[PDB]
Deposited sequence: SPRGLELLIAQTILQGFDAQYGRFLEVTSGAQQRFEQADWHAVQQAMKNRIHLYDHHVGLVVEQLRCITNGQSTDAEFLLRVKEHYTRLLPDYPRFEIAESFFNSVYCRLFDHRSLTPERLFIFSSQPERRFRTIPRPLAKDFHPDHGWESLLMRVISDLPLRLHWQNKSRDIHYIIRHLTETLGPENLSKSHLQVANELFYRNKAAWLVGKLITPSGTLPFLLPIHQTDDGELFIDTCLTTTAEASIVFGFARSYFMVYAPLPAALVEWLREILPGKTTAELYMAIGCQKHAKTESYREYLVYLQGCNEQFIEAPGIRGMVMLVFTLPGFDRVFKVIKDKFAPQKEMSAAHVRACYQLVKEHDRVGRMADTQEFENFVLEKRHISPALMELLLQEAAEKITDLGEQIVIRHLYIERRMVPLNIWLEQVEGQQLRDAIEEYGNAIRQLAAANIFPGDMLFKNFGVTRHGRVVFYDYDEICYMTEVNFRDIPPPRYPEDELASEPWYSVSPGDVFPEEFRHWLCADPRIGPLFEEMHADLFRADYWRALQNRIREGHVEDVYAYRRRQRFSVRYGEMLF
């Protein structure tokens, strides 16, 4: 009886302990991967780290099964287990993530249905932290008592990175000028530094994240440590702006790889810098993706209970395969695969689902948005707008089940809500339009350089962020770059003896679409003409196959030290 309820509760908790343990054993390898520039490893780590959590929830559920099987499928029994599990939390440093794990297990057990607040931690059970004193620092303070050249030499001479610096003084002085031109000699000496103990690794970079304490108030202080074609460590640029920081930790970049024995602590410190990020967003930034899903559902529930607006179909051009809706004042959209696709389409829901999975664990490169897959998402009929309820019933009838006052959508994705780039290009003008086309062209370029070929490059498949960045979001259109045949001469039209086969792509036909509006055409020819040349694309897939891995700067290129300062 009791003993069993306890074993279960404890095997679930032992499960979380083990998964987080494994999770950071992986993370700790980031330094070595970067130190030996093993770029291909860095990416496999991103995939293995992402699967860990589900792997363990898997093991734990199997155990839970053998351990009983008869009771696992029993809601009365699990009510007790939750009871005990909850009494094990007051101790655990990572209790919040411990709750998510319990939920994950609960869900696998009941195939994601009947999720009441009494059966799982949809809410928390624990009092809000509101931090005391971290058991151990997590960040060090640096005062310029001879500082700036001394302060910096001291911090640069603290990184555990085992490679040679290709002229520190050089980089160290670049940093000084920036601060100087930014704070003014006076306050620069009134201001100090507080840099996090751990480096945030991502791709071919090792990030330093600290706080610039100005008498004006605290500010972001980030230094992207890069490495030369032959192992030289150098600091490329320095960002002390909140907006800048928001991009570096943007939702369209792969999560950072930062060693964090106590996540909640790290998250809270982070709020200071980039204060526009919500709780889930901060977790997601440092890698706790599954836990952020838990927090996302909470922020959703909060916003929902506090608004008298109904769910309506997302603004823009309706799609051939997905049905996407949103709440007026909410910063996300829901996307569901439609029962049947438009005649012009010949792919399976399975393939669509595969693409979303493909990009989730991909080097998102800052151009593809993170998404959250939800099984059996529940909505309250009285919340769905009449126009939308009929769309769902007509387009996704198979994916929705009635429950009287509420409906259940079986599968769906949730992602950052942006404004469809096709709408932006019709709202913006002048400089703002140039910035969009450049931003758009560079999106294609970077996706391409990371073995991702957008399927349909039409504006309607891209979105514009709060910062005016163009991010791709129509994932089932995608295919790997080393999997498409680029061609020079386009097939005749007379708007087929000229045989074209699956995989063929004619970069010159792009002119026709991407340049039909006289407003933007010229802008393309000026900033992105290369995109119409099949030679350009083939060169790109050559470096891919050659195993090359292009660099990505989470900032404007004209901010790189080697650009502005000589």
Review point. Which segments of the deposited sequence lack C-alpha coordinates in the modelled structure, numbering from residue 1?
Key: 1, 497 to 503, 575 to 578
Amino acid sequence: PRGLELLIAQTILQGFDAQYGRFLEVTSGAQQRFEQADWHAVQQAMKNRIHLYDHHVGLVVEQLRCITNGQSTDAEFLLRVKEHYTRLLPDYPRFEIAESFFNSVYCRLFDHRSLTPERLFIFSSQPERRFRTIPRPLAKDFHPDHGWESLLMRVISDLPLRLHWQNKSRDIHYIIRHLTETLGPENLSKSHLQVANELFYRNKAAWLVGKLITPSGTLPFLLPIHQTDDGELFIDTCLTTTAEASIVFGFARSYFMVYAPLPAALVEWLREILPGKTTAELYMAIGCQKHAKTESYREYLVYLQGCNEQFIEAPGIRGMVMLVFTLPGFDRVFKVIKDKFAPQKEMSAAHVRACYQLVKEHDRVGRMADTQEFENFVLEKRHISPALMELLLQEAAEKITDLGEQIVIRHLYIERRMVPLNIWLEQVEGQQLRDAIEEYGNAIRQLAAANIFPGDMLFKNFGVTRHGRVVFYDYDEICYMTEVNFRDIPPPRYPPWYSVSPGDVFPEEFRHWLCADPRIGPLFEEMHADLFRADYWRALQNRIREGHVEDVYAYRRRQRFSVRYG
From here on, numbers count along this sequence of modelled residues.
Check your understanding: Taking only the CA atoms, which stretch has the higher mean B-factor in the record, 66 to 74 or 529 to 537?
Key -> 66 to 74
**Study point:** Stretch with the higher entry mean CA B-factor, where the candidates are 136 to 144 and 334 to 342
**Key:** 136 to 144
Revision key, fill the gap. The largest CA temperature factor among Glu313, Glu309, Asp370, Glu483 is found at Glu309
Check your understanding: When the CA B-factors of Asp230, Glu375, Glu299, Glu438 are compared as recorded in the entry, which is the largest?
Key -> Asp230
Practice item. Would you mind ranking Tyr85 by its C-alpha B-factor against the rest of the chain and naming the third, lowest, middle or highest? Key: middle
Check your understanding: Taking the C-alpha B-factors as the PDB entry records them, is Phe234 in the lowest, middle or highest third of its chain?
Key -> highest
Point to revise | Lowest, middle or highest third - CA B-factor, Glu405 | key: highest
Study note, to complete from the structure: Binned into thirds over the chain's modelled residues, the C-alpha B-factor of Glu149 lands in the highest
Revision key, fill the gap. Here the Cα B-factor of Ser499, set against its chain, lands in the third termed highest
